[PDB]
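Visitor: Below: one structure in structure tokens.
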Amino acid sequence: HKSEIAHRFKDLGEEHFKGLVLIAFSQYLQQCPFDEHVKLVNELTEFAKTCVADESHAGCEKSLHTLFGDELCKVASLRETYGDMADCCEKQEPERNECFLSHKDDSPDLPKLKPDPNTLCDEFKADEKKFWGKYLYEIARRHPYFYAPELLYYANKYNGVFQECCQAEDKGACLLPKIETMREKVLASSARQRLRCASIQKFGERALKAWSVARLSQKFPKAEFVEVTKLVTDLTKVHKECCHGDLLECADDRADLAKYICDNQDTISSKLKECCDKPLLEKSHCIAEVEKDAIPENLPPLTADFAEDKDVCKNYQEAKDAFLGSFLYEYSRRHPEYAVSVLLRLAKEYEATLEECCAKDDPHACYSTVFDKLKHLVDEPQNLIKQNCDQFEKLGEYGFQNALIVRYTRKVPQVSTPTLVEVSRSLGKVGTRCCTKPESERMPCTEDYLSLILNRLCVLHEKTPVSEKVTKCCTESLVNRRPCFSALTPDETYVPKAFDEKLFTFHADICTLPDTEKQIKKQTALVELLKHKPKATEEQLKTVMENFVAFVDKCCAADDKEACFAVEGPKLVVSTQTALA
Ligand SMILES: COCCOCCOCC[n+]1ccc(/C=C/c2ccc3cc(N(C)C)ccc3c2)cc1
Ligand SMILES: COCCOCCOCC[n+]1ccc(/C=C/c2ccc3cc(N(C)C)ccc3c2)cc1
């Protein structure tokens, strides 16, 4: 094979080749109009056709990053719009590509889409193919690390909603409830993908490799270790390419793995027949959301192969990761009730056991009791679930988010205000997703979602590092972030921020902004309130909130709102400064 660009074009097809390139251009340059990206895709698509016809043509043998970076460099508004990004084109490959990835903005500050069904159903009937591309460009631009093959899946499921709803008598009643249930699934899928790339770039290939061992052995307990390692090797490669910008190699390798899984169902799992009958994009998504398989009937006891064996040390030193991956496989297949975050926590703790036990003269007496130490790790988080869920039912979602806003602001005051608000909102959403679930299967729920939300706090904070407490928990370990953040305490080393009148100034626009925007504004002032008064008790903060609610209710109803906010505004500040002094 001499032409990489022709190999990807023939395997994926024109439609999927064009979409994946549009996604790639959207993640690299997030401040560019949609029309300009269509031109870059069309030009690169025409070049791809030429290489398939004639492979010996000049330029067909270059790497996919070279051709990609070459087109990114011809953007006339590279410097004036992206600043220092224009200096990436002054280097060679692969340093040129690494320079580009480093400029992916995880907070693109892009406008919020307010979709109305009238004009939205109109653009779909006008051009379904462009309305399809507009969704890809819009999602990829706000999530520059999105799993690209799944972006095409959601894009086709997006037209499918309009396919069925733009024909009914009430388009609004049909479209909005479907896209909202889909809006939460895409943000969930983006946060999961954002954590996978973070594992590689910050904790190494071994981190993502062990991630798949936990999930795969959990979902496929019947598959033997040699089969699980085969899938792990190819899946880690697939994700490694997507997280590295090789979207064409990523999707093509996902299809090959989706095909390999179906052609070996009898050795992997018995619940894939329905999954292995859908089209390419739907099939790959089915395998990712498939139910777990049944546990074998006569599994040998765990203690046999890694505790009572007089060769645990010997087997470990000859193949450390392979023996440890074996321990994760044996443990994940028998405990599908646990969280993936808990399994990697059990294996990481077992790793630390062998390293210190084999160092002793008689490791046998040292490592023989590891089973008791590991079992105690499962019960440590259990106490936090009850307390959080009880506070959830009492205050509700909104009252819980403001509760977490208070708890986490005193915990890490140095973190910027918009990050503290947005994170605490996601933390409050966890209660609605987990405490209502079975208390005998919810245990992973909390631990699972918390690892995806705390990762975003690290991702947001690593851009502009300002808090010493956040940096430690984010770089110490990947699996122990949740206990590292719950164990943090409000430190008396933080000096309260000086008072800012603007941070407590409000206009009549508070009565107009959308509901989400209204809450954000009210929650922003709550963060800045505690940043200035870090020692305000709960009874005082209770009084201030009720004083503000009755206030905003008063001024949003007067015939002259600006005069109400002008007069009553200073009144609240004096009363609040008096109660908090
Ligand atoms: C403030 O000025 C804004 C300018 O921004 C430019 C961004 O600066 C970054 C650092 N940097 C500095 C200089 C250059 C250009 C060198 C050059 C180019 C074309 C040339 C063509 C020639 N011909 C044969 C006609 C002869 C010499 C050339 C020499 C590029 C980048
Ligand atoms: C590079 O790879 C990583 C490094 O490998 C490290 C792996 O070490 C050996 C792991 N291991 C392998 C096999 C077994 C079970 C054996 C067994 C089976 C049936 C049995 C039937 C019996 N009956 C009489 C009914 C009696 C005993 C039996 C015993 C346990 C542990």
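Just remember, in the structure tokens the first chain shown is A, the second B, etc., residues are 1-based per chain, and ligands are 1-based in the order shown.
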Do a neighbour search on stretch 466-483 of chain A at 9 Å with only C-alpha atoms, toss out local chain neighbours closer than 5 positions, and write the hits as a list in words.
Guide: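 The neighbour list is residues 199, 202, 203, 207, 341, 342, 344, 345, 348, 381, 411, 412, 413, 414, 415, 416, 447, 450, 451, 454, 455, 457, 458, 459, 461 and 488 of chain A.
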Visitor: Give me, as a PyMOL selection string, the set of residues whose atoms come within 12 Å of any atom of ligand 2, counting only C-alpha atoms and all ligand atoms.
Guide: chain A and resi 225-226+229+298-330
Visitor: Please produce, as a Markdown table, a per-residue contact table for chain A versus ligand 1 (criterion: any atom at most 12 Å away, only C-alpha atoms and all ligand atoms considered), showing the nearest atom pair and its distance in Å to one decimal, sorted by chain then residue number.
Guide:
| residue | atom | partner | partner_atom_place_in_ligand_line | distance |
| --- | --- | --- | --- | --- |
| A:78 | CA | ligand 1 | 7 (C) | 10.8 |
| A:79 | CA | ligand 1 | 7 (C) | 8.1 |
| A:80 | CA | ligand 1 | 5 (O) | 10.2 |
| A:83 | CA | ligand 1 | 7 (C) | 10.3 |
| A:84 | CA | ligand 1 | 9 (C) | 9.2 |
| A:85 | CA | ligand 1 | 9 (C) | 11.1 |
| A:86 | CA | ligand 1 | 7 (C) | 8.2 |
| A:87 | CA | ligand 1 | 9 (C) | 7.1 |
| A:88 | CA | ligand 1 | 9 (C) | 10.6 |
| A:89 | CA | ligand 1 | 31 (C) | 10.0 |
| A:90 | CA | ligand 1 | 31 (C) | 8.0 |
| A:91 | CA | ligand 1 | 31 (C) | 11.6 |
Visitor: Go ahead and write the residues just picked, C-alpha atoms, as an mmCIF file, in the first residue's frame.
Guide:
data_model
loop_
_atom_site.group_PDB
_atom_site.id
_atom_site.type_symbol
_atom_site.label_atom_id
_atom_site.label_comp_id
_atom_site.auth_asym_id
_atom_site.auth_seq_id
_atom_site.Cartn_x
_atom_site.Cartn_y
_atom_site.Cartn_z
ATOM 1 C CA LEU A 78 -5.499 31.726 10.424
ATOM 2 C CA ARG A 79 -3.467 34.374 12.263
ATOM 3 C CA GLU A 80 -6.068 37.124 12.712
ATOM 4 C CA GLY A 83 -3.539 33.968 16.963
ATOM 5 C CA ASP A 84 -0.466 31.884 17.783
ATOM 6 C CA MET A 85 -2.077 28.880 16.049
ATOM 7 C CA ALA A 86 -0.672 30.268 12.791
ATOM 8 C CA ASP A 87 2.817 29.420 14.096
ATOM 9 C CA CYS A 88 2.044 25.683 13.893
ATOM 10 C CA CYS A 89 2.502 25.845 10.101
ATOM 11 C CA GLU A 90 6.160 26.852 10.616
ATOM 12 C CA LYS A 91 7.141 23.357 11.823
#
Visitor: For each of A:209, A:429, A:531, A:273, take the minimum atom-to-atom distance to residue A:503, counting only C-alpha atoms, then give the residue where this is smallest.
Guide: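 Looking at the shortest contact to residue A:503, the residue is A:531.
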Visitor: Can you tell me which residues surround residue A:57 at a distance of at most 12 Å, considering only C-alpha atoms, apart from same-chain residues fewer than 2 positions away, and format the answer as number ranges by chain?
Guide: A: 2-3, 5-6, 47-55, 59-62
Visitor: Considering only C-alpha atoms, return as a count of residues only whatever protein or nucleic-acid residues lie within 8 Å of residue A:254, sequence-local ones (same chain, fewer than 2 positions apart) excluded.
Guide: 10
Visitor: Using atom CA of residue A:337 and atom CA of residue A:430 as the two end points, give the distance in Å to one decimal.
Guide: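 Taking atom CA of residue A:337 as the start and atom CA of residue A:430 as the end point, the length is 18.4 Å.
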Visitor: Give me the residues near residue A:107 as a PDB file with N, CA and C atoms, in the first residue's frame, where near means some atom within 12 Å (using only C-alpha atoms) and where sequence neighbours in that chain fewer than 5 positions away do not count.
Guide:
ATOM      1  N   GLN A  30     -12.272  25.839  15.313  1.00  0.00           N
ATOM      2  CA  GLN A  30     -13.598  25.961  15.895  1.00  0.00           C
ATOM      3  C   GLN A  30     -14.224  27.335  15.690  1.00  0.00           C
ATOM      4  N   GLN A  31     -13.469  28.316  15.200  1.00  0.00           N
ATOM      5  CA  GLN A  31     -13.981  29.664  14.984  1.00  0.00           C
ATOM      6  C   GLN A  31     -14.187  29.969  13.506  1.00  0.00           C
ATOM      7  N   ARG A 141     -17.804  21.286  16.653  1.00  0.00           N
ATOM      8  CA  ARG A 141     -17.170  22.559  16.964  1.00  0.00           C
ATOM      9  C   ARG A 141     -17.235  22.879  18.452  1.00  0.00           C
ATOM     10  N   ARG A 142     -18.279  22.423  19.140  1.00  0.00           N
ATOM     11  CA  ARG A 142     -18.379  22.631  20.576  1.00  0.00           C
ATOM     12  C   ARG A 142     -17.710  21.529  21.384  1.00  0.00           C
ATOM     13  N   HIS A 143     -17.494  20.360  20.784  1.00  0.00           N
ATOM     14  CA  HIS A 143     -16.807  19.244  21.430  1.00  0.00           C
ATOM     15  C   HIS A 143     -15.691  18.788  20.504  1.00  0.00           C
ATOM     16  N   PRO A 144     -14.499  19.377  20.630  1.00  0.00           N
ATOM     17  CA  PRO A 144     -13.411  19.074  19.694  1.00  0.00           C
ATOM     18  C   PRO A 144     -12.742  17.730  19.924  1.00  0.00           C
ATOM     19  N   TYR A 145     -13.198  16.936  20.893  1.00  0.00           N
ATOM     20  CA  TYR A 145     -12.666  15.596  21.106  1.00  0.00           C
ATOM     21  C   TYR A 145     -13.743  14.528  20.956  1.00  0.00           C
ATOM     22  N   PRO A 418     -17.151  30.626  36.548  1.00  0.00           N
ATOM     23  CA  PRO A 418     -17.986  29.854  35.607  1.00  0.00           C
ATOM     24  C   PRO A 418     -17.705  28.364  35.644  1.00  0.00           C
ATOM     25  N   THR A 419     -16.486  27.963  36.007  1.00  0.00           N
ATOM     26  CA  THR A 419     -16.192  26.541  36.133  1.00  0.00           C
ATOM     27  C   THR A 419     -16.892  25.952  37.348  1.00  0.00           C
ATOM     28  N   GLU A 422     -20.718  25.617  36.537  1.00  0.00           N
ATOM     29  CA  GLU A 422     -21.074  24.601  35.551  1.00  0.00           C
ATOM     30  C   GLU A 422     -20.813  23.197  36.083  1.00  0.00           C
ATOM     31  N   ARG A 456     -13.856  16.672  33.646  1.00  0.00           N
ATOM     32  CA  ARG A 456     -14.027  17.945  32.962  1.00  0.00           C
ATOM     33  C   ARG A 456     -13.507  19.094  33.816  1.00  0.00           C
ATOM     34  N   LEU A 457     -13.658  18.993  35.137  1.00  0.00           N
ATOM     35  CA  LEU A 457     -13.074  20.000  36.016  1.00  0.00           C
ATOM     36  C   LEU A 457     -11.558  20.040  35.875  1.00  0.00           C
ATOM     37  N   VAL A 459      -9.934  18.970  33.141  1.00  0.00           N
ATOM     38  CA  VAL A 459      -9.701  19.445  31.781  1.00  0.00           C
ATOM     39  C   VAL A 459      -9.839  20.960  31.712  1.00  0.00           C
ATOM     40  N   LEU A 460     -10.879  21.509  32.346  1.00  0.00           N
ATOM     41  CA  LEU A 460     -11.051  22.958  32.366  1.00  0.00           C
ATOM     42  C   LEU A 460      -9.955  23.646  33.166  1.00  0.00           C
ATOM     43  N   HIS A 461      -9.472  23.011  34.233  1.00  0.00           N
ATOM     44  CA  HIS A 461      -8.498  23.647  35.111  1.00  0.00           C
ATOM     45  C   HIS A 461      -7.083  23.536  34.567  1.00  0.00           C
ATOM     46  N   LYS A 463      -6.172  23.963  31.617  1.00  0.00           N
ATOM     47  CA  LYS A 463      -5.963  25.061  30.680  1.00  0.00           C
ATOM     48  C   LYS A 463      -5.382  26.276  31.394  1.00  0.00           C
ATOM     49  N   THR A 464      -5.998  26.674  32.508  1.00  0.00           N
ATOM     50  CA  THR A 464      -5.555  27.809  33.318  1.00  0.00           C
ATOM     51  C   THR A 464      -5.409  27.364  34.771  1.00  0.00           C
TER      52      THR A 464
END
Visitor: From a backbone DSSP assignment, name each residue in stretch 29-141 of chain A labelled alpha helix (DSSP H), as an NGL selection string.
Guide: :A and (34-53 or 64-73 or 78-82 or 95-101 or 117-126 or 128-141)
Visitor: Need the shell around stretch 507-522 of chain A: protein/DNA/RNA residues with any atom at most 8 Å away, counting only C-alpha atoms. Skip same-chain ones fewer than 2 positions apart. Format as a ChimeraX atom specification?
Guide: /A:421,505,524-526,556,561-562,565
Visitor: What does the distance from atom CA of residue A:220 to atom CA of residue A:268 come to in Å, to one decimal?
Guide: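 Interatomic distance here is 6.2 Å.
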Visitor: When you look at residue A:432 with a cut-off of 9 Å (counting only C-alpha atoms), what residues show up, excluding the ones that are within fewer than 5 positions of it in the same chain? I need them as an MDAnalysis selection string.
Guide: chainID A and resid 392 396:397
Visitor: Could the residues in this selection be written to a file with N, CA, C and O atoms, as a PDB file, in the first residue's frame?
Guide:
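This is the output file result00.pdb:
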ATOM      1  N   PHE A 392     -30.566  15.154  48.481  1.00  0.00           N
ATOM      2  CA  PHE A 392     -31.174  15.348  47.170  1.00  0.00           C
ATOM      3  C   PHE A 392     -32.695  15.405  47.275  1.00  0.00           C
ATOM      4  O   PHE A 392     -33.323  16.367  46.818  1.00  0.00           O
ATOM      5  N   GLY A 396     -34.341  18.848  46.230  1.00  0.00           N
ATOM      6  CA  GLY A 396     -34.603  18.801  44.807  1.00  0.00           C
ATOM      7  C   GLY A 396     -33.359  19.129  44.005  1.00  0.00           C
ATOM      8  O   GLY A 396     -32.298  19.448  44.539  1.00  0.00           O
ATOM      9  N   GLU A 397     -33.504  19.053  42.681  1.00  0.00           N
ATOM     10  CA  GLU A 397     -32.360  19.260  41.797  1.00  0.00           C
ATOM     11  C   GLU A 397     -31.766  20.653  41.971  1.00  0.00           C
ATOM     12  O   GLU A 397     -30.563  20.799  42.211  1.00  0.00           O
TER      13      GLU A 397
END
Visitor: For residue A:189, which residue among A:559, A:139, A:212, A:34 is the nearest when counting only C-alpha atoms?
Guide: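 Of the candidates, the smallest distance to residue A:189 is held by A:139.
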Visitor: Go through A:111, A:338, A:388, A:529 and flag the residue nearest residue A:502, using only C-alpha atoms for the distances.
Guide: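 The shortest atom-to-atom distance to residue A:502 comes from A:529.
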Visitor: At what distance in Å, to one decimal, does atom CA of residue A:99 lie from atom CA of residue A:39?
Guide: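 Calculated distance between atom CA of residue A:39 and atom CA of residue A:99 is 23.4 Å.
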Visitor: Closest to residue A:188 among A:532, A:433, A:386, A:442, using only C-alpha atoms?
Guide: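 Closest to residue A:188 of all the choices is A:433.
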